[PDB]
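**Q** Please see the structure below; I have some questions.
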Amino acid sequence: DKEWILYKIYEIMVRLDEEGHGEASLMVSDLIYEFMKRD
Amino acid sequence: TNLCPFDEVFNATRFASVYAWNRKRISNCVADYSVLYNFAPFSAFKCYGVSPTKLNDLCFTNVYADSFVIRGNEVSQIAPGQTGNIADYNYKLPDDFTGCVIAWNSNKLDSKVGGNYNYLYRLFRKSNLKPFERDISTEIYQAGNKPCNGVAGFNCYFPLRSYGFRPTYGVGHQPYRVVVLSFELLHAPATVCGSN
């Protein structure tokens with residue numbers, strides 16, 4: 001559902017940062033904002 | 001009166017995180033706004049309700065200087081009528097804003113090898129900020145129906161994230177220092193006057 005995929009996107013944001021992909025992590029952070037702004 | 005301490009704001013060693021943005025009240029002083037325009041090669045400089053070149057001529061009751069760091073691509077949200085992760089959840093300007101927004105690239109100061117995690121932003125929030133509201137809370141955001149009880153996990157997310165600025169980042173992801181000048185004219189004496 002919407003809650004599961006949000007968790008997975010959050011999880012991938014954190015993982016990207018932990019593995020040295022901070023710029024990619026910031027782009028996923030942007031996706032989280034847009035996703036939760038949708039109806 | 002003395003000179004207005006705009007150097008204390010623009011040339012400060014450390015800037016605030018945007019979600020906990022700093023505000024400095026400027027009053028009872030003379031402001032040479034020329035040292036402002038030549039402080040750095042500004043990547044943003046837009047005034048609202050005032051002419052930028054005529055600031056040394058004007059007088060105001062108070063000047064408020066707000067300052068913080070964001071990503072280059074987010075600088076455009078520091079403007080009236082804007083939406084986005086920063087305008088909604090971190091720093092919000094009113095529609096009737098009277099002042100200037102000034103920004104410059106600070107990659108050489110705020111980036112770090114391995115990542116600068118000192119600068120944070122708010123990713124989660126139930127509603128948008130009001131103009132000039134500041135939310136410094138760190139409550140766990142509840143995305144589901146189950147209350148979180150202060151524990152991070154599924155559907156329960158810590159609301160802040162760090163920028164992690166590194167000098168190798170693209171320019172749109174590099175840190176930018178932002179100063180927002182609010183020019184206030186109340187029914188009261190004007191004690192902040194330009195050098196002219």
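We label chains A, B, ... in the order they appear in the structure tokens, count residues from 1 in each chain, and number ligands from 1 in the order shown.
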Would you kindly report the residues of chain B within 12 Å of chain A, using only C-alpha atoms, as an mmCIF file with N, CA, C and O atoms, in the first residue's frame?
**A**
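Below you can see iface_35.cif, which holds the result:
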data_model
loop_
_atom_site.group_PDB
_atom_site.id
_atom_site.type_symbol
_atom_site.label_atom_id
_atom_site.label_comp_id
_atom_site.auth_asym_id
_atom_site.auth_seq_id
_atom_site.Cartn_x
_atom_site.Cartn_y
_atom_site.Cartn_z
ATOM 1 N N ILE B 70 20.578 26.384 2.794
ATOM 2 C CA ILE B 70 19.785 25.409 2.050
ATOM 3 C C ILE B 70 20.597 24.947 0.840
ATOM 4 O O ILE B 70 21.725 25.393 0.616
ATOM 5 N N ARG B 71 20.008 24.035 0.066
ATOM 6 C CA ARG B 71 20.584 23.626 -1.209
ATOM 7 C C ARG B 71 20.371 24.702 -2.268
ATOM 8 O O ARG B 71 19.392 25.455 -2.231
ATOM 9 N N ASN B 73 19.331 24.420 -5.291
ATOM 10 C CA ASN B 73 18.056 24.270 -5.984
ATOM 11 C C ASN B 73 16.869 24.737 -5.149
ATOM 12 O O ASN B 73 15.778 24.917 -5.702
ATOM 13 N N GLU B 74 17.052 24.938 -3.844
ATOM 14 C CA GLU B 74 15.976 25.367 -2.961
ATOM 15 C C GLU B 74 15.919 26.881 -2.784
ATOM 16 O O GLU B 74 14.907 27.393 -2.289
ATOM 17 N N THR B 83 5.971 27.341 -3.110
ATOM 18 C CA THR B 83 5.744 26.099 -2.387
ATOM 19 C C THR B 83 6.915 25.153 -2.618
ATOM 20 O O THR B 83 7.698 25.314 -3.559
ATOM 21 N N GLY B 84 7.025 24.158 -1.744
ATOM 22 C CA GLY B 84 8.121 23.210 -1.796
ATOM 23 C C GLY B 84 8.518 22.760 -0.406
ATOM 24 O O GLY B 84 7.952 23.242 0.578
ATOM 25 N N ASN B 85 9.494 21.854 -0.303
ATOM 26 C CA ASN B 85 9.844 21.302 1.004
ATOM 27 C C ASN B 85 10.345 22.377 1.962
ATOM 28 O O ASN B 85 10.156 22.259 3.180
ATOM 29 N N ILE B 86 10.979 23.425 1.443
ATOM 30 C CA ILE B 86 11.514 24.489 2.289
ATOM 31 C C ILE B 86 10.456 25.542 2.592
ATOM 32 O O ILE B 86 10.269 25.942 3.745
ATOM 33 N N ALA B 87 9.738 26.005 1.567
ATOM 34 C CA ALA B 87 8.697 27.001 1.806
ATOM 35 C C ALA B 87 7.569 26.439 2.662
ATOM 36 O O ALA B 87 6.965 27.177 3.447
ATOM 37 N N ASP B 88 7.283 25.141 2.541
ATOM 38 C CA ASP B 88 6.168 24.560 3.283
ATOM 39 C C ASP B 88 6.555 24.222 4.718
ATOM 40 O O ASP B 88 5.805 24.517 5.655
ATOM 41 N N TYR B 89 7.711 23.587 4.910
ATOM 42 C CA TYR B 89 8.032 22.953 6.179
ATOM 43 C C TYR B 89 9.207 23.584 6.912
ATOM 44 O O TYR B 89 9.513 23.148 8.026
ATOM 45 N N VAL B 113 34.744 17.158 3.485
ATOM 46 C CA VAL B 113 35.096 15.802 3.080
ATOM 47 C C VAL B 113 34.467 14.824 4.058
ATOM 48 O O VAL B 113 34.609 14.961 5.280
ATOM 49 N N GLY B 114 33.757 13.831 3.525
ATOM 50 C CA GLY B 114 32.983 12.925 4.341
ATOM 51 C C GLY B 114 31.582 13.402 4.654
ATOM 52 O O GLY B 114 30.756 12.597 5.103
ATOM 53 N N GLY B 115 31.288 14.681 4.433
ATOM 54 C CA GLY B 115 29.945 15.186 4.618
ATOM 55 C C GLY B 115 29.784 16.054 5.846
ATOM 56 O O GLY B 115 30.190 15.676 6.949
ATOM 57 N N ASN B 116 29.195 17.231 5.663
ATOM 58 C CA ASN B 116 28.868 18.115 6.773
ATOM 59 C C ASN B 116 27.437 17.813 7.196
ATOM 60 O O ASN B 116 26.488 18.148 6.480
ATOM 61 N N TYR B 117 27.277 17.185 8.358
ATOM 62 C CA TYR B 117 25.957 16.833 8.859
ATOM 63 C C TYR B 117 25.428 17.832 9.886
ATOM 64 O O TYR B 117 24.433 17.554 10.565
ATOM 65 N N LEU B 120 20.612 20.874 8.939
ATOM 66 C CA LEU B 120 19.433 20.021 8.881
ATOM 67 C C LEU B 120 18.279 20.740 8.189
ATOM 68 O O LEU B 120 18.284 21.963 8.026
ATOM 69 N N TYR B 121 17.278 19.958 7.786
ATOM 70 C CA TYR B 121 16.030 20.487 7.248
ATOM 71 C C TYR B 121 14.895 19.565 7.669
ATOM 72 O O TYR B 121 15.110 18.390 7.979
ATOM 73 N N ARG B 122 13.678 20.103 7.664
ATOM 74 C CA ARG B 122 12.501 19.330 8.048
ATOM 75 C C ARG B 122 11.878 18.693 6.810
ATOM 76 O O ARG B 122 11.480 19.394 5.875
ATOM 77 N N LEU B 123 11.793 17.363 6.812
ATOM 78 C CA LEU B 123 11.205 16.623 5.703
ATOM 79 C C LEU B 123 9.729 16.305 5.919
ATOM 80 O O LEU B 123 8.960 16.283 4.949
ATOM 81 N N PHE B 124 9.312 16.080 7.164
ATOM 82 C CA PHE B 124 7.948 15.681 7.489
ATOM 83 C C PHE B 124 7.274 16.758 8.328
ATOM 84 O O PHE B 124 7.870 17.260 9.285
ATOM 85 N N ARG B 125 6.025 17.077 7.991
ATOM 86 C CA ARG B 125 5.212 17.991 8.782
ATOM 87 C C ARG B 125 3.762 17.861 8.337
ATOM 88 O O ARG B 125 3.487 17.747 7.140
ATOM 89 N N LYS B 126 2.838 17.896 9.303
ATOM 90 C CA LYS B 126 1.433 17.657 8.982
ATOM 91 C C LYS B 126 0.816 18.810 8.198
ATOM 92 O O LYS B 126 -0.069 18.580 7.367
ATOM 93 N N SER B 127 1.257 20.044 8.439
ATOM 94 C CA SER B 127 0.713 21.198 7.738
ATOM 95 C C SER B 127 1.836 22.168 7.399
ATOM 96 O O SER B 127 2.936 22.097 7.953
ATOM 97 N N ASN B 128 1.542 23.083 6.478
ATOM 98 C CA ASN B 128 2.519 24.085 6.073
ATOM 99 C C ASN B 128 2.667 25.162 7.141
ATOM 100 O O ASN B 128 1.731 25.469 7.883
ATOM 101 N N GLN B 142 3.947 10.767 12.643
ATOM 102 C CA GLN B 142 3.059 9.608 12.561
ATOM 103 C C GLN B 142 2.420 9.581 11.176
ATOM 104 O O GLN B 142 1.501 10.352 10.888
ATOM 105 N N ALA B 143 2.903 8.679 10.321
ATOM 106 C CA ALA B 143 2.389 8.555 8.963
ATOM 107 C C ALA B 143 1.218 7.588 8.847
ATOM 108 O O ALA B 143 0.481 7.645 7.855
ATOM 109 N N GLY B 144 1.030 6.700 9.826
ATOM 110 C CA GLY B 144 -0.057 5.756 9.825
ATOM 111 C C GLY B 144 -1.099 6.069 10.884
ATOM 112 O O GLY B 144 -1.159 7.171 11.435
ATOM 113 N N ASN B 145 -1.935 5.069 11.165
ATOM 114 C CA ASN B 145 -2.959 5.209 12.195
ATOM 115 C C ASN B 145 -2.438 4.897 13.589
ATOM 116 O O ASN B 145 -2.986 5.406 14.574
ATOM 117 N N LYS B 146 -1.403 4.083 13.698
ATOM 118 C CA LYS B 146 -0.885 3.721 15.010
ATOM 119 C C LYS B 146 -0.075 4.873 15.588
ATOM 120 O O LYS B 146 0.828 5.389 14.915
ATOM 121 N N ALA B 152 10.891 5.567 16.672
ATOM 122 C CA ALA B 152 11.031 5.580 15.224
ATOM 123 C C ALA B 152 10.966 4.160 14.673
ATOM 124 O O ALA B 152 11.534 3.227 15.249
ATOM 125 N N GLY B 153 10.272 4.007 13.549
ATOM 126 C CA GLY B 153 10.141 2.727 12.883
ATOM 127 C C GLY B 153 9.191 2.808 11.705
ATOM 128 O O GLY B 153 9.041 3.878 11.101
ATOM 129 N N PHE B 154 8.542 1.694 11.366
ATOM 130 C CA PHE B 154 7.553 1.708 10.294
ATOM 131 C C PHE B 154 6.450 2.712 10.608
ATOM 132 O O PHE B 154 5.915 2.740 11.720
ATOM 133 N N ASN B 155 6.133 3.554 9.624
ATOM 134 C CA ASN B 155 5.152 4.636 9.720
ATOM 135 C C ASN B 155 5.496 5.673 10.787
ATOM 136 O O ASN B 155 4.641 6.501 11.132
ATOM 137 N N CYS B 156 6.721 5.661 11.316
ATOM 138 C CA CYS B 156 7.107 6.548 12.418
ATOM 139 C C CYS B 156 8.505 7.090 12.134
ATOM 140 O O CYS B 156 9.504 6.431 12.432
ATOM 141 N N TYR B 157 8.576 8.299 11.582
ATOM 142 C CA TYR B 157 9.817 8.824 11.029
ATOM 143 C C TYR B 157 10.274 10.055 11.799
ATOM 144 O O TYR B 157 9.485 10.977 12.039
ATOM 145 N N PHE B 158 11.542 10.051 12.198
ATOM 146 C CA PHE B 158 12.170 11.255 12.718
ATOM 147 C C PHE B 158 12.040 12.358 11.672
ATOM 148 O O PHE B 158 12.307 12.110 10.488
ATOM 149 N N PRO B 159 11.624 13.574 12.054
ATOM 150 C CA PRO B 159 11.174 14.543 11.042
ATOM 151 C C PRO B 159 12.287 15.309 10.349
ATOM 152 O O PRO B 159 12.031 15.899 9.291
ATOM 153 N N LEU B 160 13.495 15.334 10.895
ATOM 154 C CA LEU B 160 14.590 16.089 10.305
ATOM 155 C C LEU B 160 15.530 15.170 9.535
ATOM 156 O O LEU B 160 15.692 13.992 9.866
ATOM 157 N N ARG B 161 16.144 15.725 8.494
ATOM 158 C CA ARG B 161 17.241 15.085 7.787
ATOM 159 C C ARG B 161 18.384 16.079 7.663
ATOM 160 O O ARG B 161 18.171 17.297 7.613
ATOM 161 N N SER B 162 19.599 15.553 7.616
ATOM 162 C CA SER B 162 20.770 16.391 7.420
ATOM 163 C C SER B 162 21.101 16.507 5.938
ATOM 164 O O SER B 162 20.823 15.605 5.145
ATOM 165 N N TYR B 163 21.698 17.639 5.565
ATOM 166 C CA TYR B 163 22.038 17.857 4.163
ATOM 167 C C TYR B 163 23.253 17.037 3.743
ATOM 168 O O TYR B 163 23.320 16.560 2.603
ATOM 169 N N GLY B 164 24.225 16.877 4.636
ATOM 170 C CA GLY B 164 25.412 16.096 4.310
ATOM 171 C C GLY B 164 26.259 16.697 3.209
ATOM 172 O O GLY B 164 26.840 15.958 2.405
ATOM 173 N N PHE B 165 26.349 18.028 3.164
ATOM 174 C CA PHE B 165 27.042 18.721 2.084
ATOM 175 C C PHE B 165 28.479 18.239 1.922
ATOM 176 O O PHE B 165 29.249 18.202 2.887
ATOM 177 N N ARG B 166 28.844 17.900 0.685
ATOM 178 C CA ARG B 166 30.200 17.534 0.312
ATOM 179 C C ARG B 166 30.647 18.384 -0.869
ATOM 180 O O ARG B 166 29.843 18.674 -1.764
ATOM 181 N N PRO B 167 31.922 18.783 -0.910
ATOM 182 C CA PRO B 167 32.376 19.678 -1.989
ATOM 183 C C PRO B 167 32.278 19.069 -3.372
ATOM 184 O O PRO B 167 32.287 19.812 -4.361
ATOM 185 N N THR B 168 32.187 17.746 -3.478
ATOM 186 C CA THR B 168 32.072 17.081 -4.766
ATOM 187 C C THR B 168 30.658 17.127 -5.336
ATOM 188 O O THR B 168 30.444 16.648 -6.455
ATOM 189 N N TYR B 169 29.698 17.692 -4.607
ATOM 190 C CA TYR B 169 28.316 17.705 -5.062
ATOM 191 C C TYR B 169 28.146 18.632 -6.261
ATOM 192 O O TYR B 169 28.926 19.563 -6.481
ATOM 193 N N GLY B 170 27.107 18.358 -7.050
ATOM 194 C CA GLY B 170 26.684 19.311 -8.054
ATOM 195 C C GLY B 170 26.273 20.630 -7.428
ATOM 196 O O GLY B 170 25.940 20.710 -6.245
ATOM 197 N N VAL B 171 26.307 21.686 -8.244
ATOM 198 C CA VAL B 171 26.058 23.028 -7.719
ATOM 199 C C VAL B 171 24.652 23.139 -7.141
ATOM 200 O O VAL B 171 24.440 23.824 -6.132
ATOM 201 N N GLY B 172 23.677 22.453 -7.744
ATOM 202 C CA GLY B 172 22.318 22.466 -7.230
ATOM 203 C C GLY B 172 22.152 21.778 -5.889
ATOM 204 O O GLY B 172 21.121 21.964 -5.233
ATOM 205 N N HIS B 173 23.139 20.990 -5.469
ATOM 206 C CA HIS B 173 23.125 20.328 -4.173
ATOM 207 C C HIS B 173 24.145 20.911 -3.207
ATOM 208 O O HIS B 173 24.269 20.415 -2.081
ATOM 209 N N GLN B 174 24.890 21.930 -3.619
ATOM 210 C CA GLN B 174 25.871 22.561 -2.755
ATOM 211 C C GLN B 174 25.181 23.512 -1.781
ATOM 212 O O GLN B 174 24.074 23.984 -2.043
#
**Q** Given only C-alpha atoms, how would the per-residue table for segment 110-196 of chain B near segment 36-48 of chain B read, listing every residue at most 12 Å away with its closest atom pair and distance in Å to one decimal, sorted by chain and number, as CSV?
**A**
residue,atom,partner,partner_atom,distance
B:171,CA,B:43,CA,11.4
B:172,CA,B:43,CA,11.8
B:175,CA,B:43,CA,11.9
B:176,CA,B:43,CA,8.9
B:177,CA,B:42,CA,9.8
B:178,CA,B:44,CA,8.6
B:179,CA,B:45,CA,9.6
B:180,CA,B:47,CA,9.6
B:181,CA,B:47,CA,8.9
B:182,CA,B:48,CA,9.5
B:183,CA,B:48,CA,9.8
B:194,CA,B:36,CA,11.6
**Q** Apply DSSP to the backbone of this structure and, from segment 16-164 of chain B, keep only the residues in helix (DSSP H, G or I); write these as an NGL selection string.
**A** :B and (18-20 or 34-37 or 52-57 or 72-77 or 85-89 or 107-110)
**Q** Using only C-alpha atoms for the distances, tell me which of B:67, B:118, B:62, B:76 is nearest to residue 186 of chain B.
**A** B:62
